[PDB]
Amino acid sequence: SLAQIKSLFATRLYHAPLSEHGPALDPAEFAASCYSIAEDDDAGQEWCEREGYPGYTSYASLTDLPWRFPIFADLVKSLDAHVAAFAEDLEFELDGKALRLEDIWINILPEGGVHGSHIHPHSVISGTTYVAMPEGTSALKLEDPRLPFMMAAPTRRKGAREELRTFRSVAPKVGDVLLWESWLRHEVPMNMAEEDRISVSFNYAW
């Protein structure tokens, strides 16, 4: 035999321009629409304040964005195709049943805003597209799903083989879309800029 060391059980991170598919979205219309919706949403504004929610999110107040706003139906038609390419990369056996949009929402993170580590319970693919970035810094940090199984293990060198690293930081530009499997833990670092960081996040189910 020959000595071999093999990579197994790898997580895949998908990172593309939104414009890789689906109809075109105007970035100016895109940002302005996010703002116009958030400003008309008294109920979501109050829930954020009561719940101690760092930014604005539309998640508790608005459940039907693509029904109500052509630009959001347009967005979901791109996202649909991005999720299809990704389900393909991930080798999902879908039968006759594509992944479909379960939830979709706006975030507006002002300066000083942060979102603590979490997963999206009961979804298959989750993701975020970036509507306005600030335009440093990292906007997403993904944590190794095996981290809590690694308690007895030495910490790892922060070396140049990215597949061995324990956290992965992502620094998207406006227009980019990120996708991942929903069980993956992820955090959103503090907005250090004075301008808002606007993004749209979403869950796809099977």
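The first residue of the shown sequence is 1; numbering continues from there.
- According to the PDB record, 136-144 carries the higher mean C-alpha B-factor of the two stretches 136-144 and 160-168.
- Look at the C-alpha B-factors of 85-93 and of 69-77. On average they run higher in 85-93.
- The PDB entry assigns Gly112 a C-alpha temperature factor belonging to the highest third of its chain's modelled residues.
- Per the deposited record, the Cα B-factor of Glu39 falls in the highest third when ranked against the other modelled residues of its chain.
- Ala60: CA B factor in the highest third of modelled residues in this chain (values from the PDB entry).
- Annotation for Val124: CA B-factor lies in the middle third of the chain's modelled residues.
- Looking at the C-alpha B-factors along this chain, the one for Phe30 belongs to the lowest third.
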